[PDB]
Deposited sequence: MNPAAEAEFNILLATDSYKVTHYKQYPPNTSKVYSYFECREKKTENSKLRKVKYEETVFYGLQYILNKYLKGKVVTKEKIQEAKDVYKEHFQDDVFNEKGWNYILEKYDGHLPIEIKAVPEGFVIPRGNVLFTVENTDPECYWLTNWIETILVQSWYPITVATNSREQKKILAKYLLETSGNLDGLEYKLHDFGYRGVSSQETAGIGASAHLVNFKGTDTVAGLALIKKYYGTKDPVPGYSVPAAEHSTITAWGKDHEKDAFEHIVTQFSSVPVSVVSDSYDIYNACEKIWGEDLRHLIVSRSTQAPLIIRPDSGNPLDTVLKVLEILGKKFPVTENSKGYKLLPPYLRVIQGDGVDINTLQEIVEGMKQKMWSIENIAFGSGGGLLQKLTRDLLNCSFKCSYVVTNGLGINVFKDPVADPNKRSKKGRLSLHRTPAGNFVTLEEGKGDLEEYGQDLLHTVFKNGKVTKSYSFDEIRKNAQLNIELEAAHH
């Protein structure tokens, strides 16, 4: 059993004794604080609301367990038993909290309010920041979705330049990250975030998360194809790599198949094994079932270029209408080693310079896609901006002398469209003046109930690229 009373930073257990006396309201907000990643995809809050925050989340037993744990953990009795019992007795253990959020999938520039949190009962002023820790973990799906989207921009730019269109863009960056993340839960969350932008994944955990918490009209939100790993090649023995390749492409003769080719010598594999010995098994394949050759080692750019050079001399290459070289439709390449947002850019630019179409290549990314990301990439942060004490509201904030970048916003916040159609966050309750049209934040959680939800289809629509919007 998950216990929300045990799902906070230890020090937050002690904060109910630290706020000003006679405080009836604590109001806090989340932003991806300003100073590359100029705009962020808001995604993942709905998962947290449903899995952890909604319904009866307080019980007699959970309160007693927290009491027992904290007694030993602090070697002291500090723990707001009275405060938690109040929620249990008054609200049947539902959290007296209201959360307002920008719609999921929305693409918002840095430094804007993305969601706000406040208590709905004066007794529970302490609860707003109790749940900071769990809500701030939304940094992860936001960051995966954003970084995945930025890679989609790079791919779109180069695919368009080298081919004249964006056909198949949504399968150009595949999630290989299941083994390389920190947990099963992280795998599902991160994979789901990547699927906001693409349709290809091997991180199966993402599928069930989307089905349970978001939903799609299609049976599944992500797809894959058969592929070898080094074990299915090397098991045949060093002298039998050709036998492995032949067996595998024949087993998967009528679907696309990726075959890792660098077990011993990627260049030999391309030029002699695929390019000569087994060439007859390749050139006979359907356009709907290409062989996808997979290098997996060496300098990513150098290796991709050398593989393409080798294949271009063993297979019939055409020149497309943009002037770029194109392998025959039954043959493609996938680079799935060392791919991150930086190396992706390097590879596609290198290909373009050597006159190879991005049509020729797909990418897989594991650690770079799902694990090599932190909360400080987008400066995802939760801060109190407004309190009511003795019936008077005051606008509060931090502003550390040595770091203006950590200054936080003041007062009650709202998010608005500007006259030019951009975004602006209004501070100090100025949204109440109604000079800027409707607040784009919507109540998504109130008093233990999820009040507004988005489908995965809606999220995908909101997160589209401008070029996709033609």
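In sequence order, the deposited residues that have no C-alpha coordinates form the ranges 1 to 7, 43 to 52, 488 to 491.
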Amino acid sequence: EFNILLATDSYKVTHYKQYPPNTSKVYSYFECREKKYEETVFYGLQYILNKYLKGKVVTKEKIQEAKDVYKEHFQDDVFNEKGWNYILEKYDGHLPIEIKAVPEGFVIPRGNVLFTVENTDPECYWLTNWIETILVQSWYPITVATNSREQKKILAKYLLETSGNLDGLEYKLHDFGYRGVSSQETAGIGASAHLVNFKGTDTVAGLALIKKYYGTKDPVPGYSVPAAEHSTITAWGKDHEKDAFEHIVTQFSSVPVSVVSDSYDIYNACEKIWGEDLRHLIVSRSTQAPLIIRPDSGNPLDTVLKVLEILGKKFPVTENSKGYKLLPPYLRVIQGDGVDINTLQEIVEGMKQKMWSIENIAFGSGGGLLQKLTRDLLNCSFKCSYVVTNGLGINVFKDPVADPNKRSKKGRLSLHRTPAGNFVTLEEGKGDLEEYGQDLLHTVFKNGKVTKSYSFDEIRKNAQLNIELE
From here on, numbers count along this sequence of modelled residues.
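Modelling of residue 35 is missing from a third or more of the other compared entries in which both of its neighbours are modelled. Averaged over Cα atoms, the B-factor as recorded in the entry is higher for 77 to 85 than for the other of 96 to 104 and 77 to 85.
Relative to its counterpart among 330 to 338 and 234 to 242, 234 to 242 has the higher mean temperature factor, C-alpha atoms as listed in the PDB entry. Looking only at 425, 46, 40, 64, the residue with the top Cα B factor in the deposited structure is 64. Of the candidates 385, 258, 261, 320, the deposited coordinates give 320 the top C-alpha B factor. Per the PDB record, residue ranking by Cα B-factor puts residue 364 in the lowest third of the chain.
Ranked against the other modelled residues of its chain, the C-alpha B-factor of residue 449 as given in the entry falls in the highest third. Sorting the modelled residues of the chain by their CA temperature factor places residue 179 in the lowest third. For residue 147, the recorded CA B-factor ranks within the lowest third of the chain. Only modelled residues enter the ranking.
Among the modelled residues of its chain, residue 188 has a C-alpha B-factor that falls in the lowest third, as given in the PDB entry.
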